[PDB]
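Notes follow once the structure below has been shown.
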C-alpha cells in the first residue's frame, strides 16, 4: 500500500 | 495593470 | 539552541537569518548576503507588516478580537493578514479579482478568511473599489498596506535593527530591495543610513514597469513588485539609485540560486539577487552587499518560474 | 535576536520554535506544546535527516561533493534531500510512482534533482525496485531513510536536546509523535526519557494502517505516516503506548488548528495535535504535553486537506 514519506 | 502584493 | 516556548504563533515573526551566496557570484565581486524573509511563520516578509498593522489598530482600539478587517490584496499581504487574523482572533475579508488561482483561494480560506471575488477585467482596481464599499457599508477596518505608516515603521523597528546586529562590526556598502509597498526599503534603508553614512540604498523595480525611474506602468511578472504607482509607504528619498530587472533575468536568477545555492525563493528574490550581483560586480572584492528575499519559491510552483 | 550570517543554507537547519495551543484544547486539559518543524529552511522535519544522512556518508568517505545520491521517496524526504544536495554540491535522483503531482515534481526539479517515475500500479514497491537498480548499475549512493541510523541520531542530537532546553525547569509528562520512519519518536523519545523518567512516549499511526498496533497494513491518507512495516530506524521499545488517528480526524484537526491558532500545518500534524489533545484530557490541568508538527499546510493545498 502507498505511503508519502 | 495586474500587481500581486 | 532554540527559542523558548511562546503563547502565540505571531510571537516568532521576525529574526530572519542571513546567508552568504557562494556560487552565483564571483570571488572578484563584493560579498552578497541575503536575508530570508520566507523564514517567517507565514512564509514571507508580509508577516511583519500584517502583525504591525493589526497590533496598531488593536492598541489604538479601532479593533478588538471578533472584529473584521478588509483589504484588497492579490499577494503575500493577504496570506500574512489571514495568518495573523486567525492567530489573533480576527475575522478577515479579502477582495481580489476572480482571476486568482484556486490554490491561493484554498490557502487564504484555510486560515478562515472570507474571499470576495471582483471582476477579473478590473484587476486590482476593482478589488480596491470593493474593499472600500464593504468598509463603508459594514465598518470593517482597512489596514491599507500602501498608506499605513506601520508598514515602513515595522521594518524600522525589527528588520533594520536585525541587520545592524547581524552585521555587527562589518560595513554594509550597499543595501538593495524590491519595491512593492516600499516599506522594506524605506524602513531598513532609514536604519542602515544612520549606522552606515556612506551606504548606497538601491531600489529594485520591474524594467517592464519602471514607475520609480520615471517610465510608464506596464504589465510584468515580478510578483510582489511593480505596483504601477508610487505608494505613500515608500520614502522616495531613501534610495540613491534604481536597478530595473527584466522578467526573464529575475526568473533565470531564481533558478540558478535554487540549483547552485539551495535557496528556493520567489521571482522577486531572483530580481533582488540579480540586482545585488550587478551591484556586487560594481563594487568588487572586499565589499559587502545585502538584499532581502521576500518569499519562498514553493509559493510559486504554478507560475512559469518553476513549471 | 537574529542568527549571525552563515555561509550555507544548511547551517540554519534545526532550532525550531515551540508554540503553546490556546483554543483547540480546553482549559481543564493539560498544556499542549507543538514544535514547528516546518520552520526548517526546506519546510519540513526531513531537513534534519537529509543533512544528517549526507554528513554521515561524508565523514565515512562513502560520498564526496559531485557524487550522485538516489532515494525512493514520495514525500518530504525527497524535498529535504533535493534541498540539501543542492546546498552541498550533490546530484540527486529520486524514484517515485508516476502518480505524483506535477507541483511536487516541479518542487524537486527546482532544486536541480532528476526524477525517475515508476509504474503507478506498483506504488512504492516499484520505486524501491528502480532505486536499487539505479544504485547497482550506476553507483549512486542510497541514503535509505528507513534504515540509516543518522535519521534517529540527528533527533537524538538536535531535536531532543532542543526540547530539553526549551522545557528547562518544566516537567514534560508526555511526548507524542507520528511515526513515518520513526526517527523523530526514537531520537527525541530516548533523550526525553533520560531527563524525564516518568514521561510517557506515545507513537501515532493511522487507524487505517495500524501496523505498530499489530494490525495489517492498509491504505490511508495520513501523508508522512503509516509506512506499512516496522522501519529499521524505529526503536520499537521507546514508546509506552500507541494512539490511532483516522483520516478525517486528522484533516479536521488541521483545519481547526489553522483557523483557531493561526498554525497552518499538514495532515500528519493534525493527527499529532488530535492525539496530543486526547492525551492532554487524560493527564488533566497542570500537566505538560509536547508533540511535533512535521510539515506546513501550504505543501498540501492540492490535497483534500485544504480543498
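Chains as they are written, first to last, in the entry's author numbering: chain E, 1 to 5; chain F, 1 to 5; chain D, 1 to 307; chain A, 1 to 307. Where a beta carbon is used, it is the ideal one built from N, C-alpha and C, also for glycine.
Compute the distance between the beta-carbons of residue i and residue j, then report whether it is under 8 Å.
i                      : j                      : result
residue 45 of chain D  : residue 290 of chain D : no
residue 285 of chain D : residue 29 of chain D  : yes
residue 7 of chain D   : residue 105 of chain A : no
residue 217 of chain A : residue 209 of chain A : yes
residue 43 of chain D  : residue 298 of chain A : yes
residue 61 of chain A  : residue 86 of chain A  : no
residue 295 of chain D : residue 33 of chain D  : no
residue 301 of chain A : residue 103 of chain D : yes
residue 73 of chain D  : residue 130 of chain D : no
residue 5 of chain F   : residue 183 of chain D : no
residue 226 of chain A : residue 3 of chain E   : yes
My guess is that residue i and residue j are in contact by the Cβ rule of under 8 Å, so how many angstroms apart are they, rounded?
i                      : j                      : result
residue 278 of chain D : residue 243 of chain D : 6 Å
residue 84 of chain D  : residue 140 of chain D : Actually they do not touch by this definition, with Cβ atoms about 15 Å apart.
residue 263 of chain D : residue 13 of chain A  : The pair is not a contact, with the Cβ atoms about 13 Å apart (cut-off 8 Å).
residue 204 of chain D : residue 179 of chain D : 7 Å
residue 159 of chain D : residue 233 of chain D : About 14 Å; that fails the 8 Å criterion.
Can you find a CB in chain A that lies within less than 8 Å of the CB of residue i?
i                      : result
residue 307 of chain D : yes
residue 10 of chain D  : yes
residue 145 of chain D : no
residue 39 of chain D  : yes
Give the interface partners of residue i over in chain D, defined as CB-CB distance under 8 Å, in chain order.
i                      : result
residue 229 of chain A : In chain order: nothing, as chain D lies at least about 30 Å away.
residue 111 of chain A : 258, 259, 262, 264
residue 6 of chain A   : 17, 18, 19, 20
residue 103 of chain A : 301, 302
residue 1 of chain A   : 15, 165
residue 162 of chain A : 1, 2
Residues of chain A with CB closer than 8 Å to the CB of residue i, please, in chain order.
i                      : result
residue 274 of chain D : In chain order: nothing, as chain A lies at least about 17 Å away.
residue 83 of chain D  : 262, 264
Residues of chain D with a CB under 7 Å from the CB of residue i: which are they?
i                      : result
residue 106 of chain A : 301, 306, 307
When you compare the CB of residue i with every CB in chain F, is at least one pair closer than 8 Å?
i                      : result
residue 346 of chain D : The structure shown does not extend to residue 346 of chain D, since chain D is modelled only from 1 through 307, so no value can be given for it.
residue 180 of chain D : yes
residue 236 of chain D : no
For a contact defined as C-beta to C-beta under 9 Å, what are the partners of residue i on chain E?
i                      : result
residue 224 of chain A : 3, 4, 5
Can you say whether residue i is buried or exposed, counting buried as having 16 or more other CB atoms within 10 angstroms of its CB?
i                      : result
residue 155 of chain A : buried
residue 167 of chain A : buried
residue 201 of chain A : buried
residue 153 of chain D : buried
residue 27 of chain D  : exposed
residue 31 of chain A  : buried
residue 142 of chain D : buried
residue 65 of chain A  : exposed
residue 4 of chain A   : exposed
residue 253 of chain D : buried
residue 313 of chain A : Nothing can be reported for residue 313 of chain A, as the shown portion of chain A is limited to 1 through 307.
residue 229 of chain A : exposed
residue 48 of chain D  : buried
residue 194 of chain A : exposed
residue 304 of chain D : exposed
residue 219 of chain D : exposed
residue 77 of chain D  : buried
residue 171 of chain A : exposed
residue 251 of chain A : buried
residue 165 of chain D : exposed
residue 236 of chain D : exposed
Hey, is residue i's beta-carbon within less than 8 Å of any beta-carbon in chain D?
i                      : result
residue 43 of chain A  : yes
residue 142 of chain A : no
residue 297 of chain A : yes
Under the criterion of a Cβ to heavy atom distance below 7 Å, does residue i qualify as lining the ligand GTP?
i                      : result
residue 153 of chain D : For the ligand GTP, the structure offers nothing, since it holds no ligand at all.
Can you name the residues of chain E whose CB is closer than 8 Å to the CB of residue i?
i                      : result
residue 124 of chain A : 2, 3
residue 209 of chain A : 1
Determine the chain A residues that contact residue i at a beta-carbon separation under 7 Å, and present them in chain order.
i                     : result
residue 33 of chain D : 5
Please confirm whether residue i has its beta-carbon closer than 8 Å to some beta-carbon of chain E.
i                     : result
residue 73 of chain A : yes
Name the chain E residues whose beta carbon is nearer than 7 Å to that of residue i?
i                      : result
residue 218 of chain A : 1
residue 77 of chain A  : 5
Cβ closer than 9 Å: which chain A residues qualify as neighbours of residue i?
i                     : result
residue 86 of chain D : 258, 259, 260, 261, 262, 263, 264
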